[PDB]
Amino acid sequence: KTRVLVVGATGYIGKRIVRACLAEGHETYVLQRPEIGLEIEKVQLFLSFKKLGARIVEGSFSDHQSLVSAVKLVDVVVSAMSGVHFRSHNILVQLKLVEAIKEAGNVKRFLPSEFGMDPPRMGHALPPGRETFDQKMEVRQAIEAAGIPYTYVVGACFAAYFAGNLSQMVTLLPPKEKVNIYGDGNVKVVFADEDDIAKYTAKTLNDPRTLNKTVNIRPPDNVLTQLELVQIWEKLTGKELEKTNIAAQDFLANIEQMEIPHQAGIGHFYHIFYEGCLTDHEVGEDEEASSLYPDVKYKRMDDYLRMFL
């Protein structure tokens, strides 16, 4: 019944948002941009979205009128535009979609590509990693400057990037024998299975309680320190890892000499694991996903980590 267009449909979180939308019963449309020519994996993703009942909608960010038509077909727009330097970081491209929405005037709600650290709260962050927050704030201000009703989904680390690897930067698998603990390891971090983030997204986009609101993904059982997450892994394996504590001064040493994308990752990690930006402020139950949607039975970090045994 609610019509939803997903932009960034074949992206990491986007393809999950698409599926979650179909599973929730939204009439679901996905923007197929024509610039994806020989990218066979994207094409076949679109093919499989259609098999499950998504509706292809052709459009391009180089064709302002195509964006206008596209968003004219739906009540809700969800953007999953890319925003990670080691992949690509085109948050600002959404500006064109905001103004398409402005001109079209039918969109009851817009969800921009947030799904992470809360932008309004990273004003102190260090470049280059800060470009993320600023660009999202740039889009937030364009949304509000056009009066577009909105929901911002913030709050949780993607489990695949921060849990499955015990928060080590070199990899996405657990370490064999040795692990680095950032600082004392006693700073709470919020972890969420990406399928849960998508599930909450699909449940909130037409929840009246989240209209013009920031929704936090902070499921209580998944608020864990890094030493706590490493300890779940040690339990699951019955083996203790050699832990080296890394001080902030050492984690940042010679950052100036590193490639810009890695500097940005280091900056993001710094804010999460040394400053604790995801848990350094409180949020009530009228703005937290697992409390707004208690039937969602979110995966806990131990079952997430069990897949890696």
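Here, rigid core means the biggest group of C-alpha atoms that superpose within 1.5 Å across both forms. In this text, residue numbers run from 1 along the sequence as written.
With each structure aligned by its rigid core, the stretch whose Cα atoms sit farther from this model in 6 other deposited structures of this protein, between 271-279 and 254-262, is 254-262. Farther on average from this form in 6 other deposited structures of this protein lies stretch 88-96, the comparison being between 71-79 and 88-96 by RMS Cα distance after core superposition. For the two regions 68-76 and 122-130, the entry's Cα B-factors average higher over 122-130. Averaged over CA atoms, B-factors in the entry run higher in 277-285 than in the other of 277-285 and 49-57. Taking the deposited Cα B-factors for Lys42, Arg33, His26, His271, the highest one is held by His271.
The deposited CA B-factor of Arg87 belongs to the highest third of values across its chain. Compared with the other modelled residues of the chain, the Cα B-factor recorded for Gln141 ranks in the highest third. Annotation for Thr201: C-alpha temperature factor in the lowest third relative to the rest of the modelled chain, per the entry.
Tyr152: CA B factor in the middle third of modelled residues in this chain (values from the PDB entry).
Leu241: CA B factor lies in the middle third for its chain, per the PDB record.
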